[PDB]
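Chemist: Here you go, query_25.csv (CSV, C-alpha atoms and all ligand atoms):
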chain,number,residue,atom,x,y,z
X,1,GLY,CA,9.2,9.5,-33.9
X,2,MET,CA,8.5,13.2,-34.9
X,3,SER,CA,5.1,12.1,-36.1
X,4,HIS,CA,4.0,9.9,-33.2
X,5,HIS,CA,0.8,11.1,-31.5
X,6,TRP,CA,0.1,8.4,-29.0
X,7,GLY,CA,-0.5,9.2,-25.4
X,8,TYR,CA,-2.7,8.3,-22.4
X,9,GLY,CA,-5.7,10.5,-23.1
X,10,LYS,CA,-9.1,9.3,-24.2
X,11,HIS,CA,-8.4,9.6,-27.9
X,12,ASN,CA,-4.8,8.4,-28.1
X,13,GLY,CA,-4.5,6.1,-25.2
X,14,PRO,CA,-3.5,2.4,-24.9
X,15,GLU,CA,-6.6,1.1,-26.6
X,16,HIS,CA,-5.7,3.1,-29.7
X,17,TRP,CA,-2.0,2.1,-29.9
X,18,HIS,CA,-2.5,-0.9,-32.1
X,19,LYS,CA,-3.5,1.2,-35.1
X,20,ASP,CA,0.0,2.7,-35.4
X,21,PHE,CA,1.8,-0.1,-33.6
X,22,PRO,CA,0.2,-3.4,-34.6
X,23,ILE,CA,2.6,-5.4,-32.3
X,24,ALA,CA,0.3,-4.0,-29.5
X,25,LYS,CA,-1.7,-7.2,-29.9
X,26,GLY,CA,1.4,-9.4,-30.1
X,27,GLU,CA,2.4,-12.6,-28.3
X,28,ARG,CA,4.6,-11.2,-25.6
X,29,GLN,CA,3.2,-7.8,-24.6
X,30,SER,CA,3.7,-6.0,-21.3
X,31,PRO,CA,2.7,-5.3,-18.6
X,32,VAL,CA,0.9,-8.3,-17.3
X,33,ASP,CA,-0.9,-9.3,-14.2
X,34,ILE,CA,1.4,-11.5,-12.0
X,35,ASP,CA,-0.8,-14.3,-10.6
X,36,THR,CA,1.3,-15.2,-7.5
X,37,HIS,CA,-0.2,-18.6,-7.1
X,38,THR,CA,0.6,-19.7,-10.7
X,39,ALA,CA,4.1,-18.2,-10.9
X,40,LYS,CA,6.4,-21.1,-10.3
X,41,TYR,CA,9.6,-21.1,-8.2
X,42,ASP,CA,12.5,-21.7,-10.5
X,43,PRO,CA,15.5,-23.1,-8.5
X,44,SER,CA,17.7,-22.7,-11.5
X,45,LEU,CA,17.4,-18.9,-11.4
X,46,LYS,CA,20.6,-17.2,-10.1
X,47,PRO,CA,20.6,-14.4,-7.6
X,48,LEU,CA,20.1,-11.0,-9.3
X,49,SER,CA,23.3,-8.8,-9.4
X,50,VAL,CA,22.6,-5.1,-9.3
X,51,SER,CA,25.9,-3.2,-9.5
X,52,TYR,CA,25.2,0.5,-9.3
X,53,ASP,CA,28.2,1.7,-7.3
X,54,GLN,CA,29.7,3.5,-10.3
X,55,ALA,CA,26.4,4.8,-11.8
X,56,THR,CA,26.8,8.2,-13.4
X,57,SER,CA,23.6,10.1,-13.9
X,58,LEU,CA,23.6,13.0,-16.2
X,59,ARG,CA,20.2,14.6,-16.8
X,60,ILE,CA,16.5,14.5,-16.0
X,61,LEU,CA,14.1,15.0,-18.8
X,62,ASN,CA,10.3,15.5,-19.2
X,63,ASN,CA,9.7,13.8,-22.5
X,64,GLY,CA,5.9,14.4,-22.7
X,65,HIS,CA,4.8,11.0,-21.3
X,66,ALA,CA,7.1,10.6,-18.2
X,67,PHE,CA,10.4,11.9,-16.9
X,68,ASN,CA,13.6,10.1,-17.5
X,69,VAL,CA,16.8,10.2,-15.3
X,70,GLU,CA,19.5,9.4,-17.9
X,71,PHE,CA,22.9,7.8,-17.2
X,72,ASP,CA,26.2,7.8,-19.0
X,73,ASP,CA,26.2,4.3,-20.5
X,74,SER,CA,29.4,4.8,-22.6
X,75,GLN,CA,31.2,2.4,-20.2
X,76,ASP,CA,30.3,-0.6,-18.0
X,77,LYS,CA,29.5,1.3,-14.8
X,78,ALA,CA,26.0,0.4,-13.6
X,79,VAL,CA,25.1,-3.1,-14.7
X,80,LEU,CA,22.5,-5.7,-14.1
X,81,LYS,CA,23.3,-9.4,-14.5
X,82,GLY,CA,22.5,-12.8,-13.1
X,83,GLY,CA,18.9,-13.7,-12.3
X,84,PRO,CA,17.4,-14.9,-15.6
X,85,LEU,CA,19.9,-13.0,-17.7
X,86,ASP,CA,22.8,-14.2,-19.8
X,87,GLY,CA,25.4,-11.6,-20.2
X,88,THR,CA,25.6,-8.0,-19.0
X,89,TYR,CA,23.0,-5.3,-19.2
X,90,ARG,CA,24.0,-1.6,-18.8
X,91,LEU,CA,21.7,1.0,-17.1
X,92,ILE,CA,20.7,3.7,-19.5
X,93,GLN,CA,17.8,5.4,-17.7
X,94,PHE,CA,15.0,5.1,-15.3
X,95,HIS,CA,11.5,6.5,-15.2
X,96,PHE,CA,8.2,6.0,-13.5
X,97,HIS,CA,4.5,5.4,-14.4
X,98,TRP,CA,1.9,6.7,-11.9
X,99,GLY,CA,-1.7,7.4,-11.3
X,100,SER,CA,-4.1,10.3,-10.6
X,101,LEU,CA,-5.0,8.5,-7.3
X,102,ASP,CA,-3.1,6.2,-4.9
X,103,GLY,CA,-5.3,3.3,-6.0
X,104,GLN,CA,-3.8,3.0,-9.5
X,105,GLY,CA,-0.7,3.9,-11.4
X,106,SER,CA,1.4,0.7,-11.7
X,107,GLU,CA,1.6,-1.2,-15.0
X,108,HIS,CA,2.2,-4.6,-13.7
X,109,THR,CA,-0.3,-5.8,-11.1
X,110,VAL,CA,0.0,-8.5,-8.4
X,111,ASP,CA,-3.1,-10.7,-8.2
X,112,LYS,CA,-4.9,-7.8,-9.8
X,113,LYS,CA,-3.6,-5.4,-7.2
X,114,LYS,CA,-2.6,-2.0,-8.6
X,115,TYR,CA,0.2,0.0,-6.9
X,116,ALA,CA,0.4,3.8,-6.8
X,117,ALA,CA,3.3,3.8,-9.2
X,118,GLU,CA,6.0,1.7,-10.8
X,119,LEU,CA,9.7,2.4,-11.3
X,120,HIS,CA,11.5,1.1,-14.4
X,121,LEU,CA,15.3,0.9,-14.5
X,122,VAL,CA,16.1,0.2,-18.1
X,123,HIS,CA,19.2,-1.8,-19.1
X,124,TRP,CA,20.5,-2.9,-22.5
X,125,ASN,CA,22.4,-6.0,-23.4
X,126,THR,CA,26.0,-5.0,-24.1
X,127,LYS,CA,26.4,-7.8,-26.7
X,128,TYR,CA,24.4,-5.5,-29.1
X,129,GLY,CA,26.6,-2.4,-28.8
X,130,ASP,CA,24.0,0.2,-28.1
X,131,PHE,CA,20.4,0.8,-27.1
X,132,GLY,CA,19.1,1.3,-30.6
X,133,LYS,CA,20.3,-2.1,-31.8
X,134,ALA,CA,19.4,-3.8,-28.6
X,135,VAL,CA,15.6,-3.0,-28.9
X,136,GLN,CA,15.6,-4.9,-32.2
X,137,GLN,CA,16.6,-8.1,-30.3
X,138,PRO,CA,14.4,-10.5,-28.3
X,139,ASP,CA,16.9,-10.4,-25.4
X,140,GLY,CA,18.0,-6.8,-26.0
X,141,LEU,CA,16.7,-5.2,-22.8
X,142,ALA,CA,16.3,-6.0,-19.1
X,143,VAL,CA,13.9,-3.8,-17.2
X,144,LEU,CA,13.9,-3.9,-13.4
X,145,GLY,CA,10.4,-3.0,-12.2
X,146,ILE,CA,9.8,-1.8,-8.7
X,147,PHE,CA,6.4,-1.0,-7.2
X,148,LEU,CA,5.7,2.1,-5.2
X,149,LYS,CA,3.1,2.3,-2.4
X,150,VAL,CA,2.2,5.4,-0.4
X,151,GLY,CA,3.3,5.5,3.2
X,152,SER,CA,6.6,6.7,4.6
X,153,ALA,CA,8.8,8.8,2.4
X,154,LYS,CA,11.7,7.3,0.4
X,155,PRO,CA,14.7,9.6,1.3
X,156,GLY,CA,16.6,8.5,-1.8
X,157,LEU,CA,13.8,9.8,-4.0
X,158,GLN,CA,13.6,13.3,-2.7
X,159,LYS,CA,16.3,14.7,-5.0
X,160,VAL,CA,14.2,13.6,-7.9
X,161,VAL,CA,11.0,15.1,-6.4
X,162,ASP,CA,12.7,18.5,-5.8
X,163,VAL,CA,14.0,18.9,-9.3
X,164,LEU,CA,10.6,18.3,-11.0
X,165,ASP,CA,9.6,21.9,-10.6
X,166,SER,CA,12.3,22.7,-13.2
X,167,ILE,CA,11.0,20.2,-15.8
X,168,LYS,CA,7.3,20.8,-15.5
X,169,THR,CA,6.5,20.7,-19.2
X,170,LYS,CA,7.3,18.5,-22.3
X,171,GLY,CA,10.8,19.1,-23.6
X,172,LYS,CA,12.3,20.5,-20.5
X,173,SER,CA,15.5,19.0,-19.1
X,174,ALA,CA,17.8,19.7,-16.2
X,175,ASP,CA,21.3,18.7,-15.1
X,176,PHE,CA,21.0,15.8,-12.7
X,177,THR,CA,24.4,14.5,-11.7
X,178,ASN,CA,25.5,12.3,-8.9
X,179,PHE,CA,22.1,10.7,-8.3
X,180,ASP,CA,22.5,7.3,-6.7
X,181,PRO,CA,19.8,4.9,-8.0
X,182,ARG,CA,20.7,2.5,-5.1
X,183,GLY,CA,18.5,4.7,-3.0
X,184,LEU,CA,15.4,3.6,-4.8
X,185,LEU,CA,15.8,-0.2,-4.2
X,186,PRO,CA,13.8,-2.2,-1.6
X,187,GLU,CA,15.7,-4.4,0.9
X,188,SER,CA,14.9,-7.7,-0.9
X,189,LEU,CA,15.8,-8.6,-4.4
X,190,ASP,CA,13.2,-11.5,-4.7
X,191,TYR,CA,11.5,-11.2,-8.1
X,192,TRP,CA,9.2,-12.6,-10.8
X,193,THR,CA,10.5,-12.7,-14.4
X,194,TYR,CA,8.9,-13.3,-17.8
X,195,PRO,CA,9.6,-12.3,-21.5
X,196,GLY,CA,7.8,-9.2,-22.6
X,197,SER,CA,7.9,-5.9,-24.3
X,198,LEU,CA,8.4,-2.1,-24.0
X,199,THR,CA,5.1,-0.8,-22.4
X,200,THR,CA,4.9,2.3,-24.6
X,201,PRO,CA,5.2,2.5,-28.4
X,202,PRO,CA,7.0,1.1,-30.3
X,203,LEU,CA,6.0,-1.7,-27.9
X,204,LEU,CA,8.9,-3.8,-29.2
X,205,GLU,CA,9.2,-7.4,-27.8
X,206,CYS,CA,12.7,-7.0,-26.6
X,207,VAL,CA,12.5,-7.1,-22.8
X,208,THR,CA,13.3,-9.6,-20.1
X,209,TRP,CA,11.1,-8.3,-17.3
X,210,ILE,CA,12.4,-8.6,-13.7
X,211,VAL,CA,9.7,-7.3,-11.3
X,212,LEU,CA,10.6,-7.1,-7.6
X,213,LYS,CA,8.2,-8.5,-5.1
X,214,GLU,CA,8.9,-5.9,-2.4
X,215,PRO,CA,7.6,-2.5,-3.1
X,216,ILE,CA,9.2,0.7,-1.9
X,217,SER,CA,7.2,3.2,0.1
X,218,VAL,CA,7.1,6.9,-0.9
X,219,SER,CA,5.2,9.6,0.9
X,220,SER,CA,1.9,11.2,-0.3
X,221,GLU,CA,3.8,14.5,-0.8
X,222,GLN,CA,6.4,12.8,-3.0
X,223,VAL,CA,3.9,11.2,-5.4
X,224,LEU,CA,1.8,14.4,-5.2
X,225,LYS,CA,4.7,16.2,-6.9
X,226,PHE,CA,4.8,13.7,-9.7
X,227,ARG,CA,1.1,14.6,-10.4
X,228,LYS,CA,1.9,18.3,-10.9
X,229,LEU,CA,4.0,17.6,-14.0
X,230,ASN,CA,2.5,18.3,-17.4
X,231,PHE,CA,2.2,16.1,-20.6
X,232,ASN,CA,1.9,19.4,-22.6
X,233,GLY,CA,4.7,21.8,-23.5
X,234,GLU,CA,5.2,25.2,-22.0
X,235,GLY,CA,2.6,27.7,-23.2
X,236,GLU,CA,0.0,25.0,-24.0
X,237,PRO,CA,-3.2,24.1,-22.2
X,238,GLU,CA,-2.2,22.3,-19.0
X,239,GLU,CA,-2.9,18.6,-18.9
X,240,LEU,CA,-1.5,17.0,-15.7
X,241,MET,CA,0.9,14.1,-16.2
X,242,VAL,CA,-1.1,11.4,-14.5
X,243,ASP,CA,-2.2,7.9,-15.4
X,244,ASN,CA,0.6,7.3,-17.7
X,245,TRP,CA,0.4,3.6,-17.4
X,246,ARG,CA,-0.6,0.8,-19.8
X,247,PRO,CA,-3.0,-1.8,-18.4
X,248,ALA,CA,-2.2,-5.5,-18.1
X,249,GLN,CA,-2.1,-7.4,-21.4
X,250,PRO,CA,-2.9,-11.1,-22.2
X,251,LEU,CA,-0.2,-13.5,-20.8
X,252,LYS,CA,-0.9,-15.8,-23.8
X,253,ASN,CA,1.8,-18.5,-24.1
X,254,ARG,CA,4.1,-17.4,-21.3
X,255,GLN,CA,5.1,-18.5,-17.8
X,256,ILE,CA,6.1,-16.1,-15.0
X,257,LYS,CA,8.9,-17.6,-12.9
X,258,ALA,CA,9.6,-16.7,-9.2
X,259,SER,CA,13.1,-16.5,-7.8
X,260,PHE,CA,11.8,-17.3,-4.3
X,261,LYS,CA,9.8,-20.0,-2.5
O,1,LIG,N1,8.2,1.4,-20.0
O,1,LIG,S1,9.4,0.5,-20.5
O,1,LIG,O1,8.9,-0.7,-21.0
O,1,LIG,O2,10.4,0.5,-19.5
O,1,LIG,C1,10.2,1.3,-21.9
O,1,LIG,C2,11.5,1.5,-21.9
O,1,LIG,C3,12.1,2.2,-23.0
O,1,LIG,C4,11.3,2.6,-24.1
O,1,LIG,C5,11.9,3.3,-25.3
O,1,LIG,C6,12.6,4.6,-24.9
O,1,LIG,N2,12.0,5.8,-25.6
O,1,LIG,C7,11.2,6.6,-24.8
O,1,LIG,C8,10.8,6.2,-23.4
O,1,LIG,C9,9.7,5.4,-23.2
O,1,LIG,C10,9.3,5.1,-21.9
O,1,LIG,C11,10.0,5.6,-20.8
O,1,LIG,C12,11.1,6.4,-21.1
O,1,LIG,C13,11.5,6.7,-22.3
O,1,LIG,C14,10.7,7.7,-25.4
O,1,LIG,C15,11.0,8.1,-26.7
O,1,LIG,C16,10.5,9.3,-27.3
O,1,LIG,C17,9.8,9.3,-28.5
O,1,LIG,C18,9.3,10.5,-29.1
O,1,LIG,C19,9.5,11.7,-28.4
O,1,LIG,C20,10.1,11.7,-27.2
O,1,LIG,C21,10.6,10.6,-26.7
O,1,LIG,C22,11.8,7.2,-27.4
O,1,LIG,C23,12.3,6.1,-26.9
O,1,LIG,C24,13.2,5.2,-27.7
O,1,LIG,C25,12.6,4.1,-28.4
O,1,LIG,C26,13.4,3.3,-29.2
O,1,LIG,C27,14.8,3.5,-29.3
O,1,LIG,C28,15.3,4.6,-28.5
O,1,LIG,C29,14.6,5.4,-27.7
O,1,LIG,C30,9.9,2.4,-24.1
O,1,LIG,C31,9.4,1.7,-23.0
O,2,ZN,ZN,8.2,2.1,-18.2
Before we go any further, please render this structure as structure tokens.
Ligand SMILES: NS(=O)(=O)c1ccc(CC[n+]2c(-c3ccccc3)cc(-c3ccccc3)cc2-c2ccccc2)cc1
Ligand SMILES: [Zn+2]

Modeler:
Amino acid sequence: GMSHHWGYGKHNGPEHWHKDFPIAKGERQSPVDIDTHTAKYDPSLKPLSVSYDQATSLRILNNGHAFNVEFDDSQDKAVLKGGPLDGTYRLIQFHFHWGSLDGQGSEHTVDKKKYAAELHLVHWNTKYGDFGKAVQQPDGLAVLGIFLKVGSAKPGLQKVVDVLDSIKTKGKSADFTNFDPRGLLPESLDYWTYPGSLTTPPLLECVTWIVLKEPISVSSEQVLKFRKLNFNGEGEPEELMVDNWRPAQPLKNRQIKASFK
């Protein structure tokens, strides 16, 4: 992707992606608006299993469109299974999408409601061997989406907030060991699920989306720090990293299932 030029600006934003990535107008694109009254409770869904006790984080990176907290996924240590999934999915990284204002920032919406941000914990299906092969499969990834609203601070997020100063610009990374992602989960694991895609190019249709109904609360100061990051690299005109979210796409021929009544 050394020649990719997509972004979230006015000239390379979501409405332009289809030119370089035609699958942008595909049949199972994400995110989507979750119509709570049309999502049907599916009694056959199993409880979700999030096992992060052995998660091993390694680094945090500003990649020019978000920041990723990467994990060592060379062994089965932080896995997601159950719920709508068959098999075991291993955690590889998490990142967020956020807005320039508290009134927007999430990718998925709930009855058109936009949250201040959205956390994505990305997992790949171990039956495919590695992440690169998994994204080429319809059931290659499971992304756990969690909404963020502004209110009380999330203690578990502060370590992330404090390290952002060190990765202000595109390409900067910092050691980020021993970060426990369990500190970013809400109390309830009730969720909605549907088949979709990566929400940034290459927009591959390889994701089983699992979006939690309960958002976590983060403080205004915490999200404010996210907004001080830069999309640009060091030494270039500063462009604040805000509004790095893709808007809701057509649901087309898909049903969103709810794990709860
Ligand atoms: N929002 S999401 O649906 O959860 C989603 C998950 C994974 C991905 C692919 C991961 N990814 C990201 C990437 C994208 C978004 C967030 C974090 C990293 C960047 C480059 C990148 C490209 C150019 C320069 C710098 C970074 C690449 C990839 C990527 C692609 C395919 C295979 C392997 C990695 C895309 C979307
Ligand atoms: Zn994402």

Chemist: Go ahead and find all residues with at least one atom no further than 12 Å from (-5.0, -4.6, -8.6) in the file's coordinates, using all atoms listed in the file; report them as a ChimeraX atom specification.

Modeler: /X:32-35,102-117,247-248

Chemist: Using all atoms listed in the file, which residues sit within 12 Å of region 159-162 of chain X once same-chain residues fewer than 3 positions away are excluded, as number ranges by chain?

Modeler: X: 57, 59-61, 67-69, 94-96, 153-156, 165-168, 174-181, 183-184, 218-229

Chemist: Taking only C-alpha atoms and all ligand atoms into account, report as JSON, numbers by chain which residues have an atom no farther than 9 Å from an atom of ligand LIG 1 (chain O).

Modeler: {"X": [1, 2, 3, 4, 5, 30, 31, 62, 63, 64, 65, 66, 67, 68, 69, 93, 94, 95, 96, 97, 107, 119, 120, 121, 122, 123, 131, 132, 133, 134, 135, 136, 141, 142, 143, 144, 145, 170, 171, 196, 197, 198, 199, 200, 201, 202, 203, 204, 207, 209, 245, 246]}

Chemist: For a quick check of your reading of the model, name the residues lying within 6 Å of the coordinate (22.8, 9.5, -17.6), counting only C-alpha atoms, and write them as a list in words.

Modeler: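 Answer for this query, in the requested form: residues 56, 57, 58, 59, 70, 71 and 72 of chain X.
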
Chemist: Quote the spacing between CA of residue 138 (chain X) and CA of residue 13 (chain X) in Å to one decimal place.

Modeler: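 Atom-to-atom, CA of residue 138 (chain X) to CA of residue 13 (chain X), that is 25.3 Å.
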
Chemist: May I ask for the distance between CA of residue 192 (chain X) and CA of residue 45 (chain X), given in Å to one decimal place?

Modeler: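 About the pair CA of residue 192 (chain X) and CA of residue 45 (chain X): they are 10.4 Å apart.
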
Chemist: How many Å separate CA of residue 210 (chain X) from CA of residue 191 (chain X)?

Modeler: 6.2 Å

Chemist: Restricting the calculation to all atoms listed in the file: of X:194, X:98, X:89, X:128, which residue gets closest to ligand ZN 2 (chain O)?

Modeler: X:98

Chemist: Under the rule that all atoms listed in the file are counted, which of X:193, X:88, X:54, X:188 is the nearest residue to residue 39 (chain X)?

Modeler: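 Ranking X:193, X:88, X:54, X:188 by distance to residue 39 (chain X), first place goes to X:193.
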
Chemist: Looking at X:147, X:52, X:260, X:231, which one is nearest to ligand ZN 2 (chain O), with distances taken over only C-alpha atoms and all ligand atoms?

Modeler: X:147

Chemist: Choose the residue, out of X:232, X:244, X:158, X:253, that has the smallest atom-to-atom separation from ligand ZN 2 (chain O); count only C-alpha atoms and all ligand atoms.

Modeler: X:244
